[PDB]
Amino acid sequence: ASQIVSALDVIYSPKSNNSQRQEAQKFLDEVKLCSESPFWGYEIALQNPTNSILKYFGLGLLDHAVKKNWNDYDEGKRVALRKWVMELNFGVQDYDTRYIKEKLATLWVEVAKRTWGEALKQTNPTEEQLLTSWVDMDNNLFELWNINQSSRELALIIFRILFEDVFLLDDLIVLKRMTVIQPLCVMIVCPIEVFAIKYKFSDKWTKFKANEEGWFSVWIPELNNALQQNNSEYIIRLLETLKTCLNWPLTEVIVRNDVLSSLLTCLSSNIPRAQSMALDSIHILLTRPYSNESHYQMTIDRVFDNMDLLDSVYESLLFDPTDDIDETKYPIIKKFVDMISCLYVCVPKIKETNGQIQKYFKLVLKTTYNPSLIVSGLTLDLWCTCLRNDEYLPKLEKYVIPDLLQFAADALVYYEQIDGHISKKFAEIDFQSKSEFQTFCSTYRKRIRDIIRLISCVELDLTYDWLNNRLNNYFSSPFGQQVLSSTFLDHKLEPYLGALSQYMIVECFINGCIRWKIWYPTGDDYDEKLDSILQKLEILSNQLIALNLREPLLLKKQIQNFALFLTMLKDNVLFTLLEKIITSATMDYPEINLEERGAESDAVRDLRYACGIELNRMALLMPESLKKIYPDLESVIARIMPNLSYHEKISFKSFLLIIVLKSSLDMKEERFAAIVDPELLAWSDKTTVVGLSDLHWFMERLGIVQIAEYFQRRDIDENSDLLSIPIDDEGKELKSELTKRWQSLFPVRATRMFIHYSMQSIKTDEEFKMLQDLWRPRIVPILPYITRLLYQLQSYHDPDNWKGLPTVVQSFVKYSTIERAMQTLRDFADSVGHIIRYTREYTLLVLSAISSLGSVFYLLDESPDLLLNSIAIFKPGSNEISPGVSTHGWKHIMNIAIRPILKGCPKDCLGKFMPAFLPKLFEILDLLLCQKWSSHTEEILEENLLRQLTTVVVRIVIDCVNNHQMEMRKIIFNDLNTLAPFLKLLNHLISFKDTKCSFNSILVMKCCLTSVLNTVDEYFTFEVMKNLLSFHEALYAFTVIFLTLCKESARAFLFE
Amino acid sequence: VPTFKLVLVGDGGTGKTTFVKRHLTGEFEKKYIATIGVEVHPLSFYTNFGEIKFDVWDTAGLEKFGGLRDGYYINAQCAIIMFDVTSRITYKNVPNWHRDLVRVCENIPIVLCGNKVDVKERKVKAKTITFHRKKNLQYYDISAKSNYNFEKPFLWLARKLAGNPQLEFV
Ligand SMILES: Nc1nc2c(ncn2[C@@H]2O[C@H](COP(=O)(O)OP(=O)(O)OP(=O)(O)O)[C@@H](O)[C@H]2O)c(=O)[nH]1
Ligand SMILES: [Mg+2]
């Protein structure tokens, strides 16, 4: 009686050590485990009304007793516990803290869940059975409702907890008792006659109901009376209890008491908690299931008839975010907007008689203007859905679309990059990271662009009239004048961002015009409308081009918008726009040097690169359209060629080539030769042809000899730290000279562009053969040179090769080999290494494209030898494979050349290519992978690279063992020369550390074991079994091998 | 000097005790010892406007060991709900912890912390976390193994308690 109080004081005293608290807790737990714990708890709760902590502990004892030992107690003890709980509940007073009343309600509900109504499971239960089932619970609750004000709050807590557990929460006890609990809860609240309508239950149930009129007829009058008296706390309590008893009850109760009117009245009141709970309750009423649809119609009509009230509530909730966001109303604003955004589903069911729908859409639009993006983002999905569905489209067309369009246009900005934008104030509250805000802004702008795209698709004429007005006003504004005057904007300040937003709006309009072709019914009027749309687009394009905009990034966006245009226009109007695209994009910029790698020159280089992509894509899509315009495009390109570098010269030549091939122009062979031969002619140059076999000649052409001269002139010591030594003008000049020399010396990019686009869009087998006859005369002659070039780049990484190189540059070239603007000599060496890697990747891509030519490359007898001997690089004495070449280099080699070159085999040529290629390839791969694994942050990165290489090798094996694998298995398994290296490769793969590689290799072995076991047997017995000796299947394969090998010295060797 | 009673609640093994310890000392314990009862730890912070102290009542996260499973929340002035991102059962229990946490202390600020974010495999993806915005709780992604945001919850609680959003640790 006093030890418990002292222990509680120890537990709650801030001055007690954790050991003292733990000792006191041990004592209290001992008390809790006693047989008569509940009676002591009841005594403590009764006799200590002033001590809140001690009373709560007593109630906790009771709660543990009922909640953890209920099964143990007999009926007498259960009735005693119920009586004690009721006695404690009826004794509630004004001095009981809130958490005491919560605990008392918890006790009451815990007893009720386990004892209320269980007698009803029987038929005509006796008086004793009813009493054991708490037949009087409802009568007691009604009695508890009148004792005093404190008890009335307690009854509300009891109801809240009961209905929350029974219906909202997935409590287990009520899960078992559902069939008799849920009907009982509905019974007490619903009027008796209303209850009889839905349920057919007999009279015995009537004994469990005290108030014939139900409970709603008690709460709702109380709620209205509290609203009249403006009793905030009582209103909040009633809403808390009332918020949990709206989803489940019979709808007739909701309508009869007019709950929704009370909820709206609560909403009008300026009590934040009451408003929030009223919004939650209204949403529950809207989304809850309705058995009778007339009541649902009444509910939605009642909500929509009060759009003025909802607008007033929203206006009240609004606040100024400039100083500080009101955290007591911002959540309520989000709740309100979320509830509003769900109403639009009910629009078609409402007969507009007082402008309800117009007011609703105006309110939704007004909420969309909210400074917070999250608040706005709630309604964005509403606008997209409404525009797509023609059910609402007639209503939007009148009210909002004119204003929604203006909002969407004004809101298509880069919020994060603006200085002190009002939206960012809410960002730090709703998001805990900058990245979160950036991604949400990206999504928000995407959804906004959806709105503008759909508004222009539907109201195309209105949008176009609005668009021209917007563009004319903008480009006359001072910012527009700055944009049209400047040549390089800051890409972060207002002029550029505004212009970019304008061009995004234009892009959205063009996308809408494109969608209109699909959206508009294909009626008789379709052609006239489409011609008008095309004329409007032409006029807009002529308008935009006339501005003579020079800013590259803006000029790239304009070019891409016109690329969208061109999918529709045709004939001469197409050419007038395409020529202006070509000339404007490729216009020179005397104000800047196009080789300094400055941030303002990379913009121009990207601009010129964007056109190549767009022009090539457009040519691929619409070659027939460009057929008759080609005579003029050829002249335009010729006129523009002089002011283009090699890199873009190739792109525009590729555009012309695509038009020539895919458009069905006459004399294709002549034009093809005129375009291609001048570029590929560099391969056949006698100097390059002869010197490409000499490593030293390769070094000199790369310019390393000149670098040695430069280092000597600057007296750069062989060990001098190039990491810090600065680069000078002469260094940049030499680097530019070498790069310009290098690209034209080995036109790998030109070859890969011409071959790739040539074979891009084959339509018929005849066209494929025609192209083969077109590339064969000029690809086979150069294949030795291409493979030699790949050979040199491969041997360039071998340290011994540069041994004869001058010592001063020995460190420079070594830096170049190392993998992973330029201002230091170390960066110069890194850039040279980048040049080497770039040439190595493109020469691989040239080989893959030559593979695409099919029989031209595969059926050639020497191709396997050339390719492998050019990638192998076998040292004279040592068995090293391509010494000094990075593992990443091998990964790229395999992935980009060998896989395409293998999978790309023609099924009629596997009989001539694979036999002379698989043996050597397998030996090389085995030798390489064993060497890489023989050696086994920087080390972790190397491990990961080796894992990736092994994965690629396995993929090659998997892709070799469907239509293709069917023939490849036959080819491999019928030749020992190919099988034995393949078995070696499998044996090496299975044993490697990586788990996935071993697992997949074991699967492969299981797949083909039956076809191979037929000196293969000797190798299996001696190496495969020994090496093997994923786990279970590996053992399964081992046993499968054994069952035959040792069944047919093998067993003795295995035992050894 | 103010002193706010803070109750830290969450499923056992979620890192409540580790988080409290690492705020007491730099050490990041790795061995797991299930707290039994409650651990009271006076934790102090220095801010531009002065000093604040949180009596961090670290509650046991296991039913077998929670002595006064709810009595610890009595007179609490703020609370923190810790759930393990790597384990989705803990997040599933967050509504339960909030439910029986608001029963005792009603209007106190509550912070939901997703602990152990350092690992490469988090079963509770951020996309699946919506309880905090449902109950208007302030949510954070923290790890007492990386000190990713360890101090954020206390800063938010200090701002709410002192009614001084400009308050900042120094
Ligand atoms: N990866 C990772 N693991 C952590 C981190 N913090 C704690 N852990 C691990 O999680 C365990 C949590 O230990 P405790 O904090 O003592 O356990 P608790 O959270 O108090 O749970 P209870 O004691 O049962 O209430 C520790 O043993 C750590 O091994 C973290 O920041 N990152
Ligand atoms: Mg603990």
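Scroll up to find the structure.
Residues numbered from 1 in each chain as written, not as in the entry; some residues may be left out. Chains lettered and ligands numbered in written order. Heavy atoms only, no water.

### Looking at the interface of chain B and chain A
And step 1. Across the boundary between the two partners, chain B contributes 27 residues, which contact 29 residues of chain A.
And step 2. At the boundary of chain B with chain A, total buried surface from both sides reaches about 2300 Å², with 46% on carbon and sulfur atoms.
And step 3. Summed over the three residues of chain B that lose the most area to chain A, namely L68(B), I74(B) and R103(B), the buried surface amounts to 26% of that side.
And step 4. In this structure, the connection of chain B to chain A is made through 3 salt bridges.
And step 5. In this structure, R237(A) and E106(B) form a salt bridge, with 2.8 Å as the shortest nitrogen-oxygen distance.
And step 6. Applying the counting rule to chain B against chain A returns 9 residue pairs in polar contact. (Contact = heavy atoms within 4.5 Å. Buried area = accessible area lost by both parts, 1.4 Å probe. Salt bridge = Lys/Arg side-chain N within 4 Å of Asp/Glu carboxyl O. Polar contact = N/O pair within 3.5 Å; in protein donor to acceptor, adjacent residues only side chain to side chain.)

### Some thoughts on the packing of helix α28 (residues 494-519) of chain A against helix α30 (residues 552-566) of chain A
All names here are of chain A.
And step 1. At a minimum axis distance of 10 Å, the contact between α28 and α30 shows a crossing angle of 5°. Here α28 is positioned roughly parallel relative to α30, judged by the angle of their axes. Residues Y496, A499, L500, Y503, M504, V506, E507, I510, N511 and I514 of α28 form the contact with α30, whose own contacting residues are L553, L554, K557, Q558, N561, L564 and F565.
And step 2. Classifying every residue of the contact of α28 with α30 by side-chain character gives 12 nonpolar, 3 polar and 2 charged. (Axes fitted to C-alpha atoms, helices over the stretch in contact; angles between N-to-C directions. Helix = DSSP H or I, 4+ residues; strand = E, 2+ residues; numbered from the N terminus. Parallel < 35°, antiparallel > 145°, perpendicular 65-115°, else oblique. Nonpolar A, V, L, I, M, F, W, Y, C, P; charged D, E, K, R; others polar.)

### Let's talk about a negative patch on the surface
Residue and element names in this part refer to chain A.
And step 1. The grouping of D320, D323, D324 and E428 at the surface amounts to a negative patch.
And step 2. Mapped onto the secondary structure, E428 falls in helix α24 (residues 422-430).
And step 3. The exposure class assigned to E428 is exposed, which follows from its relative accessible area of 63%. (Patch = residues over 30% accessible without salt bridge, like charges linked within 9 Å, V, L, I, M, F, W, Y side chains within 5 Å. Areas by Shrake-Rupley, 256 points an atom, 1.4 Å probe, with all protein chains shown as cover. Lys, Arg positive; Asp, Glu negative; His and termini not counted. Charge placed at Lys NZ, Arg CZ, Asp CG, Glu CD. Buried < 20%, exposed > 50% of the residue type's maximum accessible area, 1.4 Å probe, protein only.)

### Considerations on the coordination of the magnesium ion (ligand 2)
Residues and elements named next belong to chain B.
And step 1. Binding of the magnesium ion (ligand 2) to the protein goes through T17 (OG1) and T35 (OG1), at separations of 2.0 to 2.2 Å. A residue pair is termed long-range when its members are at least 10 positions apart, and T17 in helix α1 (residues 16-24) and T35 in the loop between α1 and β2 (38-47) qualify at 18 residues.
And step 2. Under the relative-accessibility criterion, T17 is labelled partly exposed at 21%. (Donors = N, O, S within 2.8 Å, 3.2 Å for Na, K, Ca; no water.)

### As for the nonpolar core
And step 1. Residues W116(A), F216(A), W219(A) and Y360(A) are the most contacted members of the largest nonpolar core, which totals 405 residues.
And step 2. With residues near it in sequence (within four places) discarded, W116(A) still touches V111(A), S133(A), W134(A), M137(A), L162(A), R177(A), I181(A), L184(A), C185(A), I188(A) and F208(A).
And step 3. By size, the runner-up hydrophobic cluster in this structure holds 25 residues, among which are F4(B), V20(B), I142(B) and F169(B). (Core = buried A, V, L, I, M, F, W, Y, C linked by side-chain atoms within 4.5 Å.)

### Concerning the pattern of salt bridges
Residue and element names in this part refer to chain A.
And step 1. According to the stated counting rule, one finds 77 salt bridges over all chains in the structure shown.
And step 2. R445 is the partner of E416 in a salt bridge, and the nearest nitrogen-oxygen pair spans 2.5 Å. Separated by 29 residues along the polypeptide, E416 in the loop between α23 (401-410) and α24 and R445 in helix α25 (residues 434-458) bring together distant segments of the chain.
And step 3. With its nearest N and O atoms 3.7 Å apart, the salt bridge here joins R617 to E614. Taken together, the residues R617 and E614, both in helix α32 (residues 599-621) and 3 residues apart, mark about one turn of the helix.
And step 4. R617 sits in the partly exposed class, given a relative accessible area of 46%.
And step 5. The buried category is assigned to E614, whose relative accessible area is 13%.

### Some details on the packing of helix α35 (residues 646-662) of chain A against helix α36 (residues 668-680) of chain A
All names here are of chain A.
And step 1. Close contact between α35 and α36 brings their axes to 10 Å; oriented N to C, the two are set at 165°. Between α35 and α36, the crossing angle belongs to the class labelled roughly antiparallel. Note on packing geometry: the crossing formed by α35 with α36 is left-handed. The residues of α36 that touch α35, namely those facing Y646, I650, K653, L656, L657, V660 and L661, are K668, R671, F672, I675, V676, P678 and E679.
And step 2. Residues belonging to the contact of α35 with α36 are distributed by class as follows: 10 nonpolar, no polar and 4 charged. (Left-handed = near helix turned anticlockwise from the far one by under 90°.)

### Some words on the pairing of strand β5 (residues 110-115) of chain B
Successive side chains on a regular strand alternate, one facing one side of the sheet and the next facing the other.
Residue and element names in this part refer to chain B.
And step 1. Taken across its 6 residues, β5 has 6 buried, putting it largely inside the fold.
And step 2. Burial of β5 is two-sided: the residues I110, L112 and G114 facing one way and the residues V111, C113 and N115 facing the other way are all buried.
And step 3. In this sheet, β5 lies alongside strand β4 (residues 78-84) in parallel orientation, the contact comprising 6 bridges. Across the sheet, the residue bridging to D84 is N115, located in β5.
And step 4. Two elements, β5 and strand β6 (residues 138-141), share 4 bridges in a ladder whose sense is parallel. In the sheet register, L112 faces β6, and the bridge partner there is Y139. (Pairing = 2+ DSSP bridges.)

### Thoughts on the site of ligand 1
Residue and element names in this part refer to chain B.
And step 1. Inspection of the region around ligand 1 gives 25 residues, with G13, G15, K16, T17 and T35 positioned closest.
And step 2. Between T35 and ligand 1, the recorded distance is 2.6 Å, taken from a side-chain N or O atom to an oxygen atom.
And step 3. Between ligand 1 and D118, the relevant distance is 2.9 Å, taken from a nitrogen atom to a side-chain nitrogen or oxygen of the residue.
And step 4. Relative to its unbound accessible surface of 650 Å², ligand 1 loses 92% to contact with the protein.
And step 5. Per-element tally for the shell around ligand 1: the top contributor is α1, with 3 residues.
And step 6. Taken together, the residues that form the shell around ligand 1 break down as 8 nonpolar, 11 polar and 6 charged. (Near = heavy atom within 4 Å.)

### Some details on the sheet that holds strand β3 (residues 50-59) of chain B
All names here are of chain B.
And step 1. As summarised here, the arrangement of the 6 strands in space is β2-β3-β1-β4-β5-β6, forming an open sheet in which the pairing is mixed. On the outer flanks of this sheet lie β2 and β6, each paired with one strand and no other. Taken over all neighbouring pairs, the strand axes of this sheet differ in orientation by 25° on average, direction set aside.
And step 2. When β2 meets β3, the two strands line up antiparallel, connected through 10 bridges. Bridge pairing in β3 places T47 opposite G50.
And step 3. Contacts from helix α5 (residues 151-162) reach β1 (4-10), β2, β3, β4, β5 and β6, with the element oriented near 155° to β4.

Keep in mind these values describe shape, not function.
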